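Structure record follows, encoded as structure tokens.
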Amino acid sequence: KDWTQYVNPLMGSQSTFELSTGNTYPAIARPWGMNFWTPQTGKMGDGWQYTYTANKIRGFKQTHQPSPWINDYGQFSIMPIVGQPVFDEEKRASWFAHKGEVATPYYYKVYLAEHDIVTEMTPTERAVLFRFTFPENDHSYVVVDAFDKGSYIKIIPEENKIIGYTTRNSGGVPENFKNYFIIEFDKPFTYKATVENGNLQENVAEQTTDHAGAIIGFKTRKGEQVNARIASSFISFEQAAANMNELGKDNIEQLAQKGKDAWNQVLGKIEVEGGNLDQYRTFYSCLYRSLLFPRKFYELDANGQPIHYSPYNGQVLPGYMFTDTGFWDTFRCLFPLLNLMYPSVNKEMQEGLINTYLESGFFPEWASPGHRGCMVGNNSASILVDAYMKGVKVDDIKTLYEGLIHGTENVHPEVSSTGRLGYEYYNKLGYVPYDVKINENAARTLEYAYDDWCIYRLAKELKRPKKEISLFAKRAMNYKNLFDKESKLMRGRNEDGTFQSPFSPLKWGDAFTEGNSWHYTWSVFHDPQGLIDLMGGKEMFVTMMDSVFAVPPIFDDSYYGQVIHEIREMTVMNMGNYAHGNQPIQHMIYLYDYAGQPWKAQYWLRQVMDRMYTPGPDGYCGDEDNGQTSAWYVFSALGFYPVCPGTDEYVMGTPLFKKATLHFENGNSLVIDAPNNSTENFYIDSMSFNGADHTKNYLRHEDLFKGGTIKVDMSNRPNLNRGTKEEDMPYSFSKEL
Ligand SMILES: CO[C@H]1O[C@H](CO)[C@@H](O)[C@H](O)[C@@H]1S[C@H]1O[C@H](CO)[C@@H](O)[C@H](O)[C@@H]1O
């Protein structure tokens, strides 16, 4: 059975600075691959390295880039050409068309119209095989570009080989950072030249300069194929050479089949039926996007043991390491998806985080490849605790716990999003103030409270001393400190204790991150009942929620000085202020379940699934964010969502397919049957779980892991009685206390 046929790596490529439809590039790679490969249409340095509307390809590039904002590192490219040997990135570029392009996760092909050359590529985890099909020509070449900001290249003719290293990065690297690469051709060089600051030097073997490059060449007959075996390493040339062996002796067809098998192995863990082709394509493209980041950042030594270059301290050390993810995005449902369907993989990732802490002094928040300043919160605590509570346990729980405590009272001296910016005010006053020069203060406060609840959960589980447990139980309630009774919204609060004025609910940024108060007010994952109480009860709560959808999308952008794409994305979708591409609001619709109106969530979730995701190049409604926006769809299409990682609960939505089957790593399977599902029947009239009536608005992780059958009776009218009782409600902290 093949699922790769539904994956579109182009989904999200039709994006611009002004309006994101995903901001993705076609990642031709193995799952979680250390090195990704992509056609490059953008100029060197530009975060928009591949765009759907672009006319020309200027290289095939090794990339590690998680997003256009964060940008890239460990990057170099290769380009076949004919005619004059040219290195210039504009001069070597070739028109192409998407009808002359085939992109799959395991295999990429394109016809380059200006050189009359076909390029195919098939990667493994750290290596890749290229096959160039040349026209008849006395002057055919391959350009190797090591990129600028300091690089190295050397041609070795007696091995049909080029080696080099690239260093161009976007920050977050140690001073000795280098990516070492090796390229082996199956055809002898009849022409050879290295390049130095734009200058072509024939028969000069080596360059160590700002922007190194090489061009090798030969005569070709019509349709003649030249294969190039490539691998790189963050450790050394010798390790790069060892990484090369992932290719074995395979040709393009054999490596493509191995990558296809590898993708079907992970995609096939979730089988959906009874939908249309749009839905299959959206679902598996999203699942594909959910299995890329964080990437592996470790390599295998001669004994088959994991070692890694440390992007934190620049040493080479034993053990796992992963990178290129921002937890501010991915704590929400991406990592939870790993804990449900790919726990053995997240196990390696958690071990990697322990090593991050040991190597750097801090758990990461945004890492790429080392600590990077972007976004807010201490949501690493959610990642670590959710894994642990779900049976994904690192060996070194002492270091895990100490690292968490450390993160609650330090901030990284160079990277203000690593650790807790404002921890002194927060620990003392119960919030980060609005007038002490700490931007996004309300967003930090809300996420810290949830983060502190996660720590509370683990402290309690570990039976820490009662006063530790009590400290975090108290801090978990810190969200109350920003609640403004008058507006029923979260509000920036001055150091003296007065709420800030004038208060502007529609103002983006400033007190909040990537949105306004209407977006952030719902960020109380661990205590929705507490928020409902704050608002004066479930009826007023629902009224506030309903108004999010019903109001105009007016906004105040003074904080940014322009209509940033996130604001524009909200305005065009016609869902009031519900900006689905904004991460803070992505769990919000599920909160209708905690107020006793799950039918409202059923309505709105199907609206989002039907309207905010399409399978084309412009497929997302905003940034894909390293699996978060994709895993949202994967979960939601199945019919449930981890509103609160750190609990064992998935809050019920409404399934998209007639049947979904989950194959867990433990050998059990869960079948979700919704035979009467359709475009019109999106309400849950009733539900059963292994024969037992199920009226609760949540499923438990442990129950799912035992496997069996859920039966969902779909209907075109809401059931106003189902899931309204107190015993039907998912977890809230104030109910436990
Ligand atoms: C610097 O760009 C960031 O901020 C500007 C606003 O100042 C945003 O408009 C832009 O989208 C990004 S935030 C963007 O990128 C982050 C890193 O990839 C990601 O974590 C976040 O969710 C968002 O997608």
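Just so it is clear, the values below take in all heavy atoms, side chains as well, and ignore hydrogens, waters and symmetry mates. All ligand and atom numbering here is 1-based and tracks the order in the structure. We number each residue from 1, following the sequence as shown.
Atoms of ligand 1 lying under 4.0 Å from at least one heavy atom of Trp328, given by number and element, are 22 (O). The contact set between ligand 1 and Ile70, taken as ligand atoms under 4.0 Å from a residue heavy atom, comprises 17 (C), 18 (O). Below 4.0 Å from some heavy atom of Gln583 lie the following atoms of ligand 1, by number and element: 22 (O). Near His565, meaning under 4.0 Å from any of its heavy atoms, are these atoms of ligand 1: 9 (O), 10 (C), 11 (O). In summary, the atoms of ligand 1 found under 4.0 Å from a heavy atom of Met375, numbered by their order in the structure, are 20 (O), 21 (C). Within ligand 1, the atoms closer than 4.0 Å to a non-hydrogen atom of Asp625 are 19 (C), 21 (C), 22 (O), 23 (C), 24 (O), numbered from 1 in the order shown.
In this structure, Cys374 counts as a contact residue of ligand 1, since one of its heavy atoms falls inside 4.0 Å of the ligand.
Between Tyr6 and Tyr284, the two ring planes are parallel [angle under 30°; tilted spans 30° to 60°]. The aromatic rings of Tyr298 and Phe322 lie tilted to each other, with the angle between the two planes from 30° to 60°. Taking the six-membered ring where the residue is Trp, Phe635 and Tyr641 present perpendicular rings, their angle passing 60° and hence far from 30°.
No salt bridge links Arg58 with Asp145; every basic N to acidic carboxylate O contact stays at or beyond 4.0 Å. Ionic pairing of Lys507 and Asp510 is present here: one or more N-O contacts between side-chain nitrogen and carboxylate oxygen are shorter than 4.0 angstrom. The residues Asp452 and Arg475 are annotated as not salt-bridged, no charged nitrogen and carboxylate oxygen being separated by less than 4.0 angstrom.
Nearest protein neighbour of atom 20 (O) of ligand 1, counting heavy atoms only, is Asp329 OD2, 2.6 Å. At the top of the distance list for atom 10 (C) of ligand 1, counting protein heavy atoms only, stands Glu566 OE2, 3.5 Å. Of all protein heavy atoms, the one closest to atom 5 (C) of ligand 1 is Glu514 OE2, 4.5 Å. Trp69 CD1, 3.1 Å is the protein heavy atom nearest to atom 15 (O) of ligand 1. Nearest protein heavy-atom neighbour of atom 18 (O) of ligand 1: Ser67 OG, 2.7 Å.
Under a 3.5 Å cut-off, the side chain of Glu348 and the backbone N or O of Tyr320 do not form any donor-acceptor pair.
A distance of 6.0 Å or more separates the ring centres of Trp604 and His580.
For atom 17 (C) of ligand 1, the nearest non-hydrogen atom from the set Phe17, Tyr559, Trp366, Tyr560 belongs to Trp366.
Exactly one of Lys296, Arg295, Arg30 qualifies for a salt bridge (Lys or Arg N to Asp or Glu O under 4.0 Å) with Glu125. That residue is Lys296.
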